[PDB]
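When reading the values below, keep in mind they use all heavy atoms of this one structure, side chains included, and skip hydrogens, waters and symmetry mates. Residues take their numbers from the sequence shown, with the count starting at 1. One-based numbering, in listed order, for ligands and for the atoms of each.
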Amino acid sequence: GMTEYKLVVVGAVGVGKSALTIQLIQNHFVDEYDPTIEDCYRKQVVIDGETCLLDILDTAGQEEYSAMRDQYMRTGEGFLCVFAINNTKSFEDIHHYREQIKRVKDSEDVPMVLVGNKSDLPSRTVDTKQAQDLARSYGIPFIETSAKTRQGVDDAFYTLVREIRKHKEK
Ligand SMILES: Nc1nc2c(ncn2[C@@H]2O[C@H](COP(=O)(O)OP(=O)(O)O)[C@@H](O)[C@H]2O)c(=O)[nH]1
Ligand SMILES: Sc1ccc(Br)cc1
Ligand SMILES: [Mg+2]
């Protein structure tokens, strides 16, 4: 089979995880998607000439059993850590996602990309500088996205694939 990349989208409720995922998979924006639905999506794409399958888990937070969270963290190859640029708490929450994923995977080298979504809004509480500073401290890429306009969406997911490739070649 063609290579499959298992990507997991995490972040606080309301930041735009579902809207980002649906833009990637279906190329349209969704005003409303039930905040409590978690699902696994698939899409065949070409990234730098490689035809590959993206498996994308659009997470929704707590699971029936915590073992389910640990399972997807251990299985997932790369993580999009999403906050919204107008939601400071969601940005603060990134620290916990970073830690928890590394903790489950028992690894210091986990492919991740920091995503600041809702960039189409002038309303902003998290400046680009602050997010850059955090990404710098993690040694991971940072991309500002808008699920609404699609700006940065392919870059976010494709950059995460490229981070997974760098990890695999070691
Ligand atoms: N303006 C704007 N609104 C967005 C964007 N992404 C998501 N939203 C809105 O933010 C709310 C939460 O989005 P959703 O995808 O359900 O977030 P999730 O809980 O992280 O899955 C919804 O009202 C979306 O329409 C974006 O890039 N720009
Ligand atoms: S679609 C999908 C992606 C990543 C995991 Br881990 C599980 C399901
Ligand atoms: Mg959602």
Side-chain angles (χ1 to χ4, degrees), residues 1-45 52-94 96-97 100-107 110-126 128 131 142-158 160-161 163-164 167-168:
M2 65 178 72
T3 292
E4 319 188 359
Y5 297 101
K6 301 185 191 185
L7 312 184
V8 178
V9 187
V10 303
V13 65
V15 300
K17 300 182 296 299
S18 296
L20 283 167
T21 299
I22 294 165
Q23 268 291 16
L24 192 290
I25 302 287
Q26 303 176 24
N27 284 263
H28 61 96
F29 178 57
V30 171
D31 277 315
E32 194 163 345
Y33 186 80
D34 189 324
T36 71
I37 296 176
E38 174 166 294
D39 273 324
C40 166
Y41 291 83
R42 298 149 60 79
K43 176 76 177 268
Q44 187 177 304
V45 298
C52 59
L53 183 61
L54 307 188
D55 303 324
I56 302 174
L57 182 63
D58 174 27
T59 70
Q62 299 292 335
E63 301 285 7
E64 183 188 7
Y65 298 109
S66 69
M68 296 161 66
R69 171 202 67 207
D70 293 357
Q71 180 79 7
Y72 73 69
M73 288 181 176
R74 209 172 282 109
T75 293
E77 293 174 277
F79 300 78
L80 279 195
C81 297
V82 186
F83 68 96
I85 65 156
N86 61 344
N87 178 350
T88 296
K89 178 65 163 53
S90 75
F91 183 70
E92 293 166 343
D93 289 346
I94 297 292
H96 167 63
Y97 291 110
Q100 190 174 56
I101 292 161
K102 288 172 62 169
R103 187 162 290 172
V104 169
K105 299 183 74 63
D106 195 26
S107 170
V110 181
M112 298 194 200
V113 171
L114 183 61
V115 175
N117 190 46
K118 311 200 185 182
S119 74
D120 53 286
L121 298 181
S123 183
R124 170 183 293 266
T125 63
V126 183
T128 301
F142 167 57
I143 297 167
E144 287 195 359
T145 59
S146 174
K148 183 165 175 185
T149 69
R150 218 170 180 281
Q151 180 165 283
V153 172
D154 288 335
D155 188 24
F157 288 96
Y158 293 7
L160 182 58
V161 168
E163 290 295 284
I164 293 167
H167 176 69
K168 289 213 254 158

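- The protein heavy-atom contact nearest to atom 13 (O) of ligand 1 is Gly16 CA, 3.7 Å.
- When only interatomic distances are considered, the shortest N/O to N/O separation between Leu121 and ligand 1 does not fall below 3.5 Å.
- Counted within 6.0 Å of CD on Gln100, heavy atoms from surrounding residues, nucleotides or ligands total more than 12; the atom is thus considered enclosed.
- Other residues, nucleotides and ligands contribute only 12 or fewer heavy atoms inside 6.0 Å of the CD atom of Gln151.
- Compare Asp120, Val9, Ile37, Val13 by their heavy atoms: the one nearest to atom 26 (C) of ligand 1 is in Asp120.
- For the residues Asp55, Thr21, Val8, the heavy atom positioned nearest atom 3 (C) of ligand 2 is part of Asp55.
- When the heavy atoms of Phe29, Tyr33, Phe83 are ranked by distance to atom 16 (O) of ligand 1, first place goes to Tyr33.
- Ligand 1 has a nitrogen or oxygen under 3.5 angstrom from a nitrogen or oxygen of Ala147.
- Polar contact with ligand 1: absent for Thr145 (N/O pair, distance under 3.5 Å).
- Shown are the protein N/O/S atoms under 2.8 Å from the Mg ion (ligand 3), given by residue and atom: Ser18 OG.
- For atom 12 (C) of ligand 1, the nearest protein heavy atom (residue, atom name, distance) is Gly14 O, 3.4 Å.
- Residues forming a ring-ring contact (aromatic ring centres under 6.0 Å, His included) with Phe83 (at least two apart in sequence, or on another chain): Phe91.
- Residues satisfying the salt bridge (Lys or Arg N to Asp or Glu O under 4.0 Å) test with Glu144, not counting sequence neighbours, are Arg124.
- Of all heavy-atom pairs between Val104 and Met73, the closest is CG1-CB, 3.8 Å.
- Close N/O approach between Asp58 and ligand 1 is not found [any backbone or side-chain N/O within under 3.5 Å].
- Within the structure, side-chain hydrogen bond (donor to acceptor under 3.5 Å, both in side chains) pairs that include any residue of residues 80-93 comprise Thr88-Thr125, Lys89-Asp93 (at least two apart or interchain).
- Close approach of ligand 1 to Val30 (heavy-atom distance below 4.0 Å) involves ligand atoms 25 (O).
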